[PDB]
>>> print(open('coords_7.pdb').read())   # PDB, C-alpha atoms (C1' of nucleotides)
ATOM      1  CA  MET A   1     -77.386 -23.716  54.561  1.00  0.00           C
ATOM      2  CA  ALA A   2     -80.146 -21.571  56.072  1.00  0.00           C
ATOM      3  CA  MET A   3     -82.480 -21.429  53.070  1.00  0.00           C
ATOM      4  CA  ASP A   4     -84.881 -24.290  52.323  1.00  0.00           C
ATOM      5  CA  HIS A   5     -85.779 -23.663  48.670  1.00  0.00           C
ATOM      6  CA  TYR A   6     -85.415 -26.947  46.769  1.00  0.00           C
ATOM      7  CA  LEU A   7     -87.605 -27.003  43.648  1.00  0.00           C
ATOM      8  CA  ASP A   8     -87.290 -30.215  41.642  1.00  0.00           C
ATOM      9  CA  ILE A   9     -88.450 -30.664  38.045  1.00  0.00           C
ATOM     10  CA  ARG A  10     -87.985 -33.036  35.105  1.00  0.00           C
ATOM     11  CA  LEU A  11     -87.379 -32.928  31.353  1.00  0.00           C
ATOM     12  CA  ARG A  12     -89.647 -33.276  28.324  1.00  0.00           C
ATOM     13  CA  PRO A  13     -88.910 -34.848  24.931  1.00  0.00           C
ATOM     14  CA  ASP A  14     -88.993 -32.956  21.651  1.00  0.00           C
ATOM     15  CA  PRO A  15     -87.701 -33.834  18.173  1.00  0.00           C
ATOM     16  CA  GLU A  16     -86.755 -30.341  16.980  1.00  0.00           C
ATOM     17  CA  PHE A  17     -83.774 -29.775  19.264  1.00  0.00           C
ATOM     18  CA  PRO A  18     -80.782 -31.630  20.730  1.00  0.00           C
ATOM     19  CA  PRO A  19     -79.365 -30.995  24.220  1.00  0.00           C
ATOM     20  CA  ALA A  20     -77.529 -27.918  22.932  1.00  0.00           C
ATOM     21  CA  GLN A  21     -80.635 -26.999  20.878  1.00  0.00           C
ATOM     22  CA  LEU A  22     -82.465 -26.257  24.135  1.00  0.00           C
ATOM     23  CA  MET A  23     -79.369 -25.493  26.251  1.00  0.00           C
ATOM     24  CA  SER A  24     -78.568 -22.359  24.236  1.00  0.00           C
ATOM     25  CA  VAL A  25     -82.205 -21.300  24.647  1.00  0.00           C
ATOM     26  CA  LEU A  26     -81.793 -21.918  28.384  1.00  0.00           C
ATOM     27  CA  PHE A  27     -78.699 -19.694  28.349  1.00  0.00           C
ATOM     28  CA  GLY A  28     -80.781 -17.081  26.520  1.00  0.00           C
ATOM     29  CA  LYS A  29     -83.852 -17.329  28.761  1.00  0.00           C
ATOM     30  CA  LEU A  30     -82.125 -17.651  32.149  1.00  0.00           C
ATOM     31  CA  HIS A  31     -79.407 -14.962  32.192  1.00  0.00           C
ATOM     32  CA  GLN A  32     -81.648 -12.024  31.218  1.00  0.00           C
ATOM     33  CA  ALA A  33     -84.252 -13.149  33.763  1.00  0.00           C
ATOM     34  CA  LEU A  34     -81.379 -13.286  36.263  1.00  0.00           C
ATOM     35  CA  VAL A  35     -80.049  -9.900  35.056  1.00  0.00           C
ATOM     36  CA  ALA A  36     -82.843  -7.696  33.699  1.00  0.00           C
ATOM     37  CA  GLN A  37     -85.229  -9.387  36.124  1.00  0.00           C
ATOM     38  CA  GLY A  38     -82.565 -10.361  38.652  1.00  0.00           C
ATOM     39  CA  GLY A  39     -82.781 -11.295  42.317  1.00  0.00           C
ATOM     40  CA  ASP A  40     -79.914 -12.138  44.657  1.00  0.00           C
ATOM     41  CA  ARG A  41     -82.281 -14.436  46.577  1.00  0.00           C
ATOM     42  CA  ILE A  42     -82.572 -16.690  43.515  1.00  0.00           C
ATOM     43  CA  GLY A  43     -80.157 -18.833  41.513  1.00  0.00           C
ATOM     44  CA  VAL A  44     -79.206 -22.401  40.599  1.00  0.00           C
ATOM     45  CA  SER A  45     -76.818 -25.221  41.531  1.00  0.00           C
ATOM     46  CA  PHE A  46     -75.128 -28.219  39.863  1.00  0.00           C
ATOM     47  CA  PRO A  47     -75.229 -31.272  42.163  1.00  0.00           C
ATOM     48  CA  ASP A  48     -75.839 -34.027  39.578  1.00  0.00           C
ATOM     49  CA  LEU A  49     -72.939 -33.912  37.104  1.00  0.00           C
ATOM     50  CA  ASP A  50     -69.878 -36.001  36.257  1.00  0.00           C
ATOM     51  CA  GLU A  51     -66.445 -35.401  34.753  1.00  0.00           C
ATOM     52  CA  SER A  52     -66.101 -38.071  32.038  1.00  0.00           C
ATOM     53  CA  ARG A  53     -69.842 -38.615  31.470  1.00  0.00           C
ATOM     54  CA  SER A  54     -70.376 -34.858  30.930  1.00  0.00           C
ATOM     55  CA  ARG A  55     -73.755 -34.659  32.697  1.00  0.00           C
ATOM     56  CA  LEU A  56     -74.809 -31.019  32.292  1.00  0.00           C
ATOM     57  CA  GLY A  57     -78.546 -31.257  32.974  1.00  0.00           C
ATOM     58  CA  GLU A  58     -80.496 -34.150  34.485  1.00  0.00           C
ATOM     59  CA  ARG A  59     -83.127 -32.683  36.852  1.00  0.00           C
ATOM     60  CA  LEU A  60     -84.577 -29.539  38.439  1.00  0.00           C
ATOM     61  CA  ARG A  61     -82.179 -28.080  41.042  1.00  0.00           C
ATOM     62  CA  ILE A  62     -82.758 -24.442  41.986  1.00  0.00           C
ATOM     63  CA  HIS A  63     -82.144 -22.191  44.992  1.00  0.00           C
ATOM     64  CA  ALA A  64     -84.984 -19.837  45.937  1.00  0.00           C
ATOM     65  CA  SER A  65     -87.044 -18.781  48.955  1.00  0.00           C
ATOM     66  CA  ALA A  66     -90.577 -17.845  50.005  1.00  0.00           C
ATOM     67  CA  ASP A  67     -90.481 -14.421  48.324  1.00  0.00           C
ATOM     68  CA  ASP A  68     -87.363 -14.095  46.141  1.00  0.00           C
ATOM     69  CA  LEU A  69     -87.757 -17.421  44.311  1.00  0.00           C
ATOM     70  CA  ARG A  70     -91.512 -17.576  45.007  1.00  0.00           C
ATOM     71  CA  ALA A  71     -92.220 -16.275  41.483  1.00  0.00           C
ATOM     72  CA  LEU A  72     -90.802 -19.503  39.993  1.00  0.00           C
ATOM     73  CA  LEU A  73     -94.251 -21.153  39.922  1.00  0.00           C
ATOM     74  CA  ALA A  74     -96.313 -18.339  38.333  1.00  0.00           C
ATOM     75  CA  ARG A  75     -93.782 -16.989  35.831  1.00  0.00           C
ATOM     76  CA  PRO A  76     -94.756 -16.542  32.159  1.00  0.00           C
ATOM     77  CA  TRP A  77     -91.175 -15.632  31.266  1.00  0.00           C
ATOM     78  CA  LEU A  78     -90.256 -19.330  30.865  1.00  0.00           C
ATOM     79  CA  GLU A  79     -93.244 -20.160  28.634  1.00  0.00           C
ATOM     80  CA  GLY A  80     -92.528 -22.021  25.400  1.00  0.00           C
ATOM     81  CA  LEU A  81     -90.695 -25.118  26.630  1.00  0.00           C
ATOM     82  CA  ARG A  82     -94.018 -26.955  27.117  1.00  0.00           C
ATOM     83  CA  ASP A  83     -92.872 -29.209  24.278  1.00  0.00           C
ATOM     84  CA  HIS A  84     -89.503 -29.845  25.947  1.00  0.00           C
ATOM     85  CA  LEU A  85     -89.496 -29.247  29.735  1.00  0.00           C
ATOM     86  CA  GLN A  86     -91.349 -28.390  32.958  1.00  0.00           C
ATOM     87  CA  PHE A  87     -90.705 -27.105  36.492  1.00  0.00           C
ATOM     88  CA  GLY A  88     -91.669 -27.456  40.148  1.00  0.00           C
ATOM     89  CA  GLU A  89     -92.037 -25.617  43.467  1.00  0.00           C
ATOM     90  CA  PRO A  90     -90.003 -25.352  46.685  1.00  0.00           C
ATOM     91  CA  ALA A  91     -90.266 -27.888  49.498  1.00  0.00           C
ATOM     92  CA  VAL A  92     -89.397 -28.026  53.197  1.00  0.00           C
ATOM     93  CA  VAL A  93     -85.685 -28.845  53.528  1.00  0.00           C
ATOM     94  CA  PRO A  94     -84.370 -30.712  56.602  1.00  0.00           C
ATOM     95  CA  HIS A  95     -81.676 -29.730  59.105  1.00  0.00           C
ATOM     96  CA  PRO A  96     -78.573 -31.592  57.796  1.00  0.00           C
ATOM     97  CA  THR A  97     -78.194 -30.806  54.081  1.00  0.00           C
ATOM     98  CA  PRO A  98     -75.191 -30.770  51.729  1.00  0.00           C
ATOM     99  CA  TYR A  99     -73.583 -28.024  49.633  1.00  0.00           C
ATOM    100  CA  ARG A 100     -71.801 -28.765  46.353  1.00  0.00           C
ATOM    101  CA  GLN A 101     -69.048 -26.752  44.655  1.00  0.00           C
ATOM    102  CA  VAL A 102     -69.660 -25.162  41.251  1.00  0.00           C
ATOM    103  CA  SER A 103     -68.599 -22.154  39.191  1.00  0.00           C
ATOM    104  CA  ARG A 104     -70.126 -20.320  36.208  1.00  0.00           C
ATOM    105  CA  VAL A 105     -66.757 -18.805  35.370  1.00  0.00           C
ATOM    106  CA  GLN A 106     -65.003 -17.883  32.109  1.00  0.00           C
ATOM    107  CA  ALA A 107     -62.058 -20.086  31.116  1.00  0.00           C
ATOM    108  CA  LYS A 108     -59.587 -18.752  28.541  1.00  0.00           C
ATOM    109  CA  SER A 109     -57.486 -20.842  26.137  1.00  0.00           C
ATOM    110  CA  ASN A 110     -55.799 -18.244  23.927  1.00  0.00           C
ATOM    111  CA  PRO A 111     -52.321 -19.306  22.726  1.00  0.00           C
ATOM    112  CA  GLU A 112     -52.254 -16.207  20.533  1.00  0.00           C
ATOM    113  CA  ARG A 113     -53.911 -14.022  23.186  1.00  0.00           C
ATOM    114  CA  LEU A 114     -50.459 -12.589  23.905  1.00  0.00           C
ATOM    115  CA  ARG A 115     -50.259 -11.509  20.246  1.00  0.00           C
ATOM    116  CA  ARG A 116     -53.720  -9.902  20.293  1.00  0.00           C
ATOM    117  CA  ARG A 117     -52.777  -8.205  23.574  1.00  0.00           C
ATOM    118  CA  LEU A 118     -49.394  -7.010  22.263  1.00  0.00           C
ATOM    119  CA  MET A 119     -51.069  -5.616  19.133  1.00  0.00           C
ATOM    120  CA  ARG A 120     -52.403  -2.821  21.379  1.00  0.00           C
ATOM    121  CA  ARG A 121     -49.896  -3.114  24.246  1.00  0.00           C
ATOM    122  CA  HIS A 122     -46.513  -4.219  22.855  1.00  0.00           C
ATOM    123  CA  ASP A 123     -46.366  -4.019  19.030  1.00  0.00           C
ATOM    124  CA  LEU A 124     -44.895  -7.541  18.914  1.00  0.00           C
ATOM    125  CA  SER A 125     -46.470  -9.047  15.793  1.00  0.00           C
ATOM    126  CA  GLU A 126     -46.899 -12.680  14.749  1.00  0.00           C
ATOM    127  CA  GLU A 127     -43.493 -12.802  13.029  1.00  0.00           C
ATOM    128  CA  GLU A 128     -41.280 -12.687  16.141  1.00  0.00           C
ATOM    129  CA  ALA A 129     -44.116 -13.437  18.591  1.00  0.00           C
ATOM    130  CA  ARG A 130     -43.037 -17.057  19.234  1.00  0.00           C
ATOM    131  CA  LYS A 131     -40.106 -16.315  21.578  1.00  0.00           C
ATOM    132  CA  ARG A 132     -41.706 -16.350  25.048  1.00  0.00           C
ATOM    133  CA  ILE A 133     -45.507 -16.129  24.560  1.00  0.00           C
ATOM    134  CA  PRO A 134     -47.753 -18.876  26.016  1.00  0.00           C
ATOM    135  CA  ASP A 135     -47.869 -21.500  23.274  1.00  0.00           C
ATOM    136  CA  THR A 136     -49.760 -24.179  25.240  1.00  0.00           C
ATOM    137  CA  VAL A 137     -50.534 -22.627  28.645  1.00  0.00           C
ATOM    138  CA  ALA A 138     -53.945 -21.513  27.365  1.00  0.00           C
ATOM    139  CA  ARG A 139     -55.565 -24.919  27.867  1.00  0.00           C
ATOM    140  CA  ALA A 140     -59.187 -25.803  27.168  1.00  0.00           C
ATOM    141  CA  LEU A 141     -61.812 -26.555  29.826  1.00  0.00           C
ATOM    142  CA  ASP A 142     -63.548 -29.554  28.266  1.00  0.00           C
ATOM    143  CA  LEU A 143     -66.999 -30.099  29.780  1.00  0.00           C
ATOM    144  CA  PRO A 144     -70.585 -30.719  28.623  1.00  0.00           C
ATOM    145  CA  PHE A 145     -72.739 -27.654  27.960  1.00  0.00           C
ATOM    146  CA  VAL A 146     -74.859 -26.014  25.266  1.00  0.00           C
ATOM    147  CA  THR A 147     -73.601 -24.653  21.936  1.00  0.00           C
ATOM    148  CA  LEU A 148     -74.263 -20.903  22.047  1.00  0.00           C
ATOM    149  CA  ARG A 149     -73.553 -19.603  18.533  1.00  0.00           C
ATOM    150  CA  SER A 150     -72.760 -15.892  18.773  1.00  0.00           C
ATOM    151  CA  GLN A 151     -72.027 -13.582  15.820  1.00  0.00           C
ATOM    152  CA  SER A 152     -68.623 -15.260  15.310  1.00  0.00           C
ATOM    153  CA  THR A 153     -70.242 -18.312  13.708  1.00  0.00           C
ATOM    154  CA  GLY A 154     -73.156 -20.724  13.790  1.00  0.00           C
ATOM    155  CA  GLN A 155     -71.205 -23.678  15.203  1.00  0.00           C
ATOM    156  CA  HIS A 156     -71.774 -24.995  18.723  1.00  0.00           C
ATOM    157  CA  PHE A 157     -69.192 -23.593  21.139  1.00  0.00           C
ATOM    158  CA  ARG A 158     -68.193 -25.602  24.199  1.00  0.00           C
ATOM    159  CA  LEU A 159     -69.435 -24.483  27.623  1.00  0.00           C
ATOM    160  CA  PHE A 160     -66.401 -24.474  29.914  1.00  0.00           C
ATOM    161  CA  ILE A 161     -67.071 -24.774  33.645  1.00  0.00           C
ATOM    162  CA  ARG A 162     -65.209 -25.960  36.751  1.00  0.00           C
ATOM    163  CA  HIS A 163     -66.752 -28.191  39.417  1.00  0.00           C
ATOM    164  CA  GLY A 164     -65.890 -28.199  43.118  1.00  0.00           C
ATOM    165  CA  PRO A 165     -65.548 -30.213  46.329  1.00  0.00           C
ATOM    166  CA  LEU A 166     -68.174 -31.197  48.914  1.00  0.00           C
ATOM    167  CA  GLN A 167     -68.129 -29.652  52.394  1.00  0.00           C
ATOM    168  CA  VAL A 168     -70.463 -30.282  55.315  1.00  0.00           C
ATOM    169  CA  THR A 169     -70.500 -26.597  56.289  1.00  0.00           C
ATOM    170  CA  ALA A 170     -72.527 -24.052  54.331  1.00  0.00           C
ATOM    171  CA  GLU A 171     -72.429 -20.357  53.410  1.00  0.00           C
ATOM    172  CA  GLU A 172     -75.650 -18.400  52.892  1.00  0.00           C
ATOM    173  CA  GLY A 173     -75.723 -15.155  50.947  1.00  0.00           C
ATOM    174  CA  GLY A 174     -75.081 -14.173  47.348  1.00  0.00           C
ATOM    175  CA  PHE A 175     -73.322 -15.760  44.385  1.00  0.00           C
ATOM    176  CA  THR A 176     -72.573 -14.704  40.808  1.00  0.00           C
ATOM    177  CA  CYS A 177     -75.308 -13.934  38.278  1.00  0.00           C
ATOM    178  CA  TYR A 178     -74.989 -17.395  36.692  1.00  0.00           C
ATOM    179  CA  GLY A 179     -75.465 -19.132  40.061  1.00  0.00           C
ATOM    180  CA  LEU A 180     -71.938 -20.545  40.191  1.00  0.00           C
ATOM    181  CA  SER A 181     -70.117 -20.044  43.476  1.00  0.00           C
ATOM    182  CA  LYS A 182     -67.882 -16.964  43.205  1.00  0.00           C
ATOM    183  CA  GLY A 183     -67.260 -17.176  46.952  1.00  0.00           C
ATOM    184  CA  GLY A 184     -70.468 -18.782  48.198  1.00  0.00           C
ATOM    185  CA  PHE A 185     -70.943 -22.507  48.785  1.00  0.00           C
ATOM    186  CA  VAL A 186     -73.459 -23.475  46.082  1.00  0.00           C
ATOM    187  CA  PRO A 187     -76.327 -25.944  46.656  1.00  0.00           C
ATOM    188  CA  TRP A 188     -76.163 -29.643  45.828  1.00  0.00           C
ATOM    189  CA  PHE A 189     -79.113 -31.641  47.158  1.00  0.00           C
TER     190      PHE A 189
ATOM    191  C1'   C B   1     -13.614 -92.953  -5.661  1.00  0.00           C
ATOM    192  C1'   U B   2     -18.563 -90.689 -10.835  1.00  0.00           C
ATOM    193  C1'   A B   3     -16.049 -93.319 -19.518  1.00  0.00           C
ATOM    194  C1'   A B   4     -12.668 -90.629 -12.773  1.00  0.00           C
ATOM    195  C1'   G B   5      -8.116 -87.412 -13.060  1.00  0.00           C
ATOM    196  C1'   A B   6      -5.709 -82.347 -17.390  1.00  0.00           C
ATOM    197  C1'   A B   7      -6.373 -78.302 -21.080  1.00  0.00           C
ATOM    198  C1'   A B   8      -6.126 -70.407 -24.333  1.00  0.00           C
ATOM    199  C1'   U B   9      -8.988 -71.120 -30.829  1.00  0.00           C
ATOM    200  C1'   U B  10      -6.806 -67.076 -32.575  1.00  0.00           C
ATOM    201  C1'   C B  11      -6.911 -63.031 -36.172  1.00  0.00           C
ATOM    202  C1'   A B  12      -9.193 -59.542 -40.856  1.00  0.00           C
ATOM    203  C1'   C B  13     -13.337 -57.330 -43.607  1.00  0.00           C
ATOM    204  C1'   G B  14     -17.946 -51.665 -48.202  1.00  0.00           C
ATOM    205  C1'   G B  15     -23.875 -55.290 -50.093  1.00  0.00           C
ATOM    206  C1'   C B  16     -25.055 -52.308 -53.683  1.00  0.00           C
ATOM    207  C1'   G B  17     -28.069 -49.708 -57.244  1.00  0.00           C
ATOM    208  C1'   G B  18     -34.042 -48.638 -59.408  1.00  0.00           C
ATOM    209  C1'   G B  19     -39.357 -48.001 -58.917  1.00  0.00           C
ATOM    210  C1'   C B  20     -47.332 -44.678 -59.961  1.00  0.00           C
ATOM    211  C1'   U B  21     -51.458 -49.542 -56.286  1.00  0.00           C
ATOM    212  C1'   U B  22     -55.692 -48.182 -58.539  1.00  0.00           C
ATOM    213  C1'   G B  23     -60.979 -47.533 -59.051  1.00  0.00           C
ATOM    214  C1'   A B  24     -67.004 -47.951 -56.538  1.00  0.00           C
ATOM    215  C1'   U B  25     -70.666 -47.616 -52.763  1.00  0.00           C
ATOM    216  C1'   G B  26     -77.928 -45.558 -48.618  1.00  0.00           C
ATOM    217  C1'   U B  27     -76.964 -48.759 -41.945  1.00  0.00           C
ATOM    218  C1'   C B  28     -81.909 -48.548 -41.337  1.00  0.00           C
ATOM    219  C1'   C B  29     -86.010 -49.243 -37.585  1.00  0.00           C
ATOM    220  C1'   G B  30     -88.777 -48.686 -31.887  1.00  0.00           C
ATOM    221  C1'   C B  31     -89.018 -47.359 -26.934  1.00  0.00           C
ATOM    222  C1'   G B  32     -92.622 -43.993 -19.708  1.00  0.00           C
ATOM    223  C1'   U B  33     -86.815 -44.821 -15.010  1.00  0.00           C
ATOM    224  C1'   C B  34     -89.842 -44.994 -10.759  1.00  0.00           C
ATOM    225  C1'   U B  35     -90.528 -43.445  -5.765  1.00  0.00           C
ATOM    226  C1'   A B  36     -88.221 -41.563  -0.699  1.00  0.00           C
ATOM    227  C1'   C B  37     -86.352 -37.984   2.995  1.00  0.00           C
ATOM    228  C1'   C B  38     -84.626 -32.978   9.689  1.00  0.00           C
ATOM    229  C1'   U B  39     -76.109 -31.195   8.564  1.00  0.00           C
ATOM    230  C1'   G B  40     -77.266 -25.579  14.525  1.00  0.00           C
ATOM    231  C1'   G B  41     -69.913 -31.999  11.643  1.00  0.00           C
ATOM    232  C1'   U B  42     -67.495 -28.134  16.943  1.00  0.00           C
ATOM    233  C1'   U B  43     -66.926 -24.766   7.834  1.00  0.00           C
ATOM    234  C1'   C B  44     -60.952 -24.724  15.356  1.00  0.00           C
ATOM    235  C1'   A B  45     -62.537 -28.943  21.907  1.00  0.00           C
ATOM    236  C1'   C B  46     -63.232 -22.197  21.774  1.00  0.00           C
ATOM    237  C1'   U B  47     -62.518 -16.945  18.525  1.00  0.00           C
ATOM    238  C1'   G B  48     -61.929 -12.097  19.723  1.00  0.00           C
ATOM    239  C1'   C B  49     -62.589  -9.122  24.894  1.00  0.00           C
ATOM    240  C1'   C B  50     -59.195  -5.023  31.485  1.00  0.00           C
ATOM    241  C1'   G B  51     -52.017  -7.578  33.097  1.00  0.00           C
ATOM    242  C1'   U B  52     -47.369 -10.499  27.850  1.00  0.00           C
ATOM    243  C1'   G B  53     -48.091 -13.510  34.656  1.00  0.00           C
ATOM    244  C1'   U B  54     -53.148 -19.222  35.511  1.00  0.00           C
ATOM    245  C1'   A B  55     -58.499 -14.443  38.861  1.00  0.00           C
ATOM    246  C1'   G B  56     -62.994 -11.764  34.873  1.00  0.00           C
ATOM    247  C1'   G B  57     -68.363  -7.860  33.004  1.00  0.00           C
ATOM    248  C1'   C B  58     -69.021 -10.062  26.767  1.00  0.00           C
ATOM    249  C1'   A B  59     -72.210 -11.245  19.946  1.00  0.00           C
ATOM    250  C1'   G B  60     -72.811 -16.779  24.191  1.00  0.00           C
TER     251        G B  60
END
>>> encode(input="coords_7.pdb", output="structure tokens")
Amino acid sequence: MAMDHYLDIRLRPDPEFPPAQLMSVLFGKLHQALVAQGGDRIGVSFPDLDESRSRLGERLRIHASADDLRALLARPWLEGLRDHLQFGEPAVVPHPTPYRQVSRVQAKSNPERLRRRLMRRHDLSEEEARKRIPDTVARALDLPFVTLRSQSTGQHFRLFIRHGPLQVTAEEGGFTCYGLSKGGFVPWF
RNA sequence: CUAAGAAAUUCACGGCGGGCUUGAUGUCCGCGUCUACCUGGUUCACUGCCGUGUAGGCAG
């Protein structure tokens, strides 16, 4: 926990979008700025969620610095949510701070994924494909997120994600492109 | 302690033949239904993605 980039921000109310109706736009306007724009000294955390309540977004919680995340207060790439949101700037963090566990990982729940794999790897079709394939091992990761409707359909798909524990020690460096800890202790202030 | 107490009705069969219901007719007349709006139900709690084995870049 060497960085001291805590930038808090709040929400804004709008009538033309639900939580997914701006969460899919957040997934569209954060990943490309973290990919085509990029920056390993910039990301996000998830320190204010819950399991049963399904709290996905409740406040500004980012991880930046004096130069890498210093363009998070003069950025016209996030312009348009002035009817539904806002942002802040980084503040001086203290010595003893926490570090929450998160992950922006991909969970898979295919019970017929063995059949779609064997269609190009085994030739075992759907007729005899119920002998030893995983019928219920492909579980679902139920959690609250936005409903990103890709070309498969217009319905709101669930945003699977795994939380983590809380350790007093920290780990500075780099995480995945989504900000979830792929080896690095994520921030939770 | 009951008008108490008891009991075998048996057997058989030809209803049958006939027939003109007819003819007539005006249902007329009238009408303002009127205003109002946000499905991305998740047209599967996830399709389809490197290992059929629990870690992942994707149209998110």
>>> interface_residues(input="coords_7.pdb", of="chain B", to="chain A", cutoff="6 Å", atoms="all atoms listed in the file", output="JSON, numbers by chain")
{"B": [42, 52, 59, 60]}
>>> atom_distance(input="coords_7.pdb", atom1="CA of residue 171 in chain A", atom2="CA of residue 186 in chain A")
8.0 Å
>>> atom_distance(input="coords_7.pdb", atom1="CA of residue 54 in chain A", atom2="CA of residue 161 in chain A")
11.0 Å
>>> resolve_selection(input="coords_7.pdb", expression="the PyMOL selection byres ((chain A and resi 45-49) around 8)", output="PyMOL selection string")
chain A and resi 43-44+50-51+53-59+61-63+100-102+179-180+186-189
>>> resolve_selection(input="coords_7.pdb", expression="the PyMOL selection byres ((chain A and resi 177) around 9)", output="ChimeraX atom specification")
/A:31,34-35,38-40,43,104,175-176,178-180
>>> resolve_selection(input="coords_7.pdb", expression="the PyMOL selection byres ((chain A and resi 169) around 10)", output="ChimeraX atom specification")
/A:1,96-99,166-168,170-171,185
>>> write_last_selection(input="coords_7.pdb", atoms="C-alpha atoms", output="PDB file, keeping the file's coordinate frame")
ATOM      1  CA  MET A   1     -77.386 -23.716  54.561  1.00  0.00           C
ATOM      2  CA  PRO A  96     -78.573 -31.592  57.796  1.00  0.00           C
ATOM      3  CA  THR A  97     -78.194 -30.806  54.081  1.00  0.00           C
ATOM      4  CA  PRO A  98     -75.191 -30.770  51.729  1.00  0.00           C
ATOM      5  CA  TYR A  99     -73.583 -28.024  49.633  1.00  0.00           C
ATOM      6  CA  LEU A 166     -68.174 -31.197  48.914  1.00  0.00           C
ATOM      7  CA  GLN A 167     -68.129 -29.652  52.394  1.00  0.00           C
ATOM      8  CA  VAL A 168     -70.463 -30.282  55.315  1.00  0.00           C
ATOM      9  CA  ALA A 170     -72.527 -24.052  54.331  1.00  0.00           C
ATOM     10  CA  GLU A 171     -72.429 -20.357  53.410  1.00  0.00           C
ATOM     11  CA  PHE A 185     -70.943 -22.507  48.785  1.00  0.00           C
TER      12      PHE A 185
END
>>> atom_distance(input="coords_7.pdb", atom1="CA of residue 69 in chain A", atom2="CA of residue 9 in chain A")
14.7 Å
>>> decode(input="coords_7.pdb", residues="range 8-59 of chain B", atoms="C-alpha atoms (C1' of nucleotides)", output="PDB file, in the first residue's frame")
ATOM      1  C1'   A B   8     -91.854 -71.030  -0.261  1.00  0.00           C
ATOM      2  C1'   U B   9     -97.428 -68.620  -4.004  1.00  0.00           C
ATOM      3  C1'   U B  10     -96.400 -71.405  -7.921  1.00  0.00           C
ATOM      4  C1'   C B  11     -96.821 -72.072 -13.278  1.00  0.00           C
ATOM      5  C1'   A B  12     -98.420 -70.602 -19.160  1.00  0.00           C
ATOM      6  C1'   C B  13     -99.231 -66.985 -23.146  1.00  0.00           C
ATOM      7  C1'   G B  14     -99.418 -63.469 -31.024  1.00  0.00           C
ATOM      8  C1'   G B  15    -103.050 -57.311 -30.154  1.00  0.00           C
ATOM      9  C1'   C B  16    -104.095 -56.785 -34.823  1.00  0.00           C
ATOM     10  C1'   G B  17    -105.329 -54.395 -39.438  1.00  0.00           C
ATOM     11  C1'   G B  18    -106.340 -48.783 -42.435  1.00  0.00           C
ATOM     12  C1'   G B  19    -105.506 -43.563 -43.407  1.00  0.00           C
ATOM     13  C1'   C B  20    -104.242 -36.155 -47.795  1.00  0.00           C
ATOM     14  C1'   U B  21    -104.208 -31.195 -42.355  1.00  0.00           C
ATOM     15  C1'   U B  22    -105.134 -27.347 -45.385  1.00  0.00           C
ATOM     16  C1'   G B  23    -105.093 -22.233 -46.963  1.00  0.00           C
ATOM     17  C1'   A B  24    -103.277 -16.024 -45.994  1.00  0.00           C
ATOM     18  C1'   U B  25    -100.026 -12.146 -44.522  1.00  0.00           C
ATOM     19  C1'   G B  26     -95.401  -4.884 -44.702  1.00  0.00           C
ATOM     20  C1'   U B  27     -92.028  -4.930 -38.044  1.00  0.00           C
ATOM     21  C1'   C B  28     -91.362  -0.014 -38.556  1.00  0.00           C
ATOM     22  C1'   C B  29     -88.747   4.421 -36.350  1.00  0.00           C
ATOM     23  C1'   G B  30     -83.840   7.538 -33.772  1.00  0.00           C
ATOM     24  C1'   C B  31     -79.090   8.002 -31.884  1.00  0.00           C
ATOM     25  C1'   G B  32     -71.259  11.726 -30.723  1.00  0.00           C
ATOM     26  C1'   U B  33     -68.080   6.448 -26.421  1.00  0.00           C
ATOM     27  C1'   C B  34     -64.764   9.796 -24.172  1.00  0.00           C
ATOM     28  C1'   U B  35     -59.841  10.678 -22.498  1.00  0.00           C
ATOM     29  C1'   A B  36     -54.693   8.563 -20.613  1.00  0.00           C
ATOM     30  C1'   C B  37     -49.609   6.569 -20.950  1.00  0.00           C
ATOM     31  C1'   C B  38     -41.269   4.778 -20.634  1.00  0.00           C
ATOM     32  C1'   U B  39     -41.182  -3.954 -21.489  1.00  0.00           C
ATOM     33  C1'   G B  40     -33.027  -3.022 -22.506  1.00  0.00           C
ATOM     34  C1'   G B  41     -39.283  -9.747 -18.120  1.00  0.00           C
ATOM     35  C1'   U B  42     -32.751 -12.194 -17.641  1.00  0.00           C
ATOM     36  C1'   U B  43     -37.981 -13.877 -25.669  1.00  0.00           C
ATOM     37  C1'   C B  44     -32.027 -19.205 -20.337  1.00  0.00           C
ATOM     38  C1'   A B  45     -29.340 -16.614 -13.316  1.00  0.00           C
ATOM     39  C1'   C B  46     -25.362 -16.753 -18.809  1.00  0.00           C
ATOM     40  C1'   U B  47     -24.785 -18.350 -24.790  1.00  0.00           C
ATOM     41  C1'   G B  48     -20.908 -19.426 -27.806  1.00  0.00           C
ATOM     42  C1'   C B  49     -14.983 -18.728 -27.145  1.00  0.00           C
ATOM     43  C1'   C B  50      -7.292 -22.068 -25.935  1.00  0.00           C
ATOM     44  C1'   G B  51      -7.631 -28.736 -21.926  1.00  0.00           C
ATOM     45  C1'   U B  52     -13.627 -33.392 -22.102  1.00  0.00           C
ATOM     46  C1'   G B  53     -10.016 -31.781 -15.756  1.00  0.00           C
ATOM     47  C1'   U B  54     -12.730 -26.018 -11.471  1.00  0.00           C
ATOM     48  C1'   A B  55      -7.115 -21.040 -13.997  1.00  0.00           C
ATOM     49  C1'   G B  56      -8.624 -17.228 -19.142  1.00  0.00           C
ATOM     50  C1'   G B  57      -7.695 -12.534 -24.109  1.00  0.00           C
ATOM     51  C1'   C B  58     -13.988 -12.103 -26.206  1.00  0.00           C
ATOM     52  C1'   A B  59     -20.102  -9.338 -29.820  1.00  0.00           C
TER      53        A B  59
END
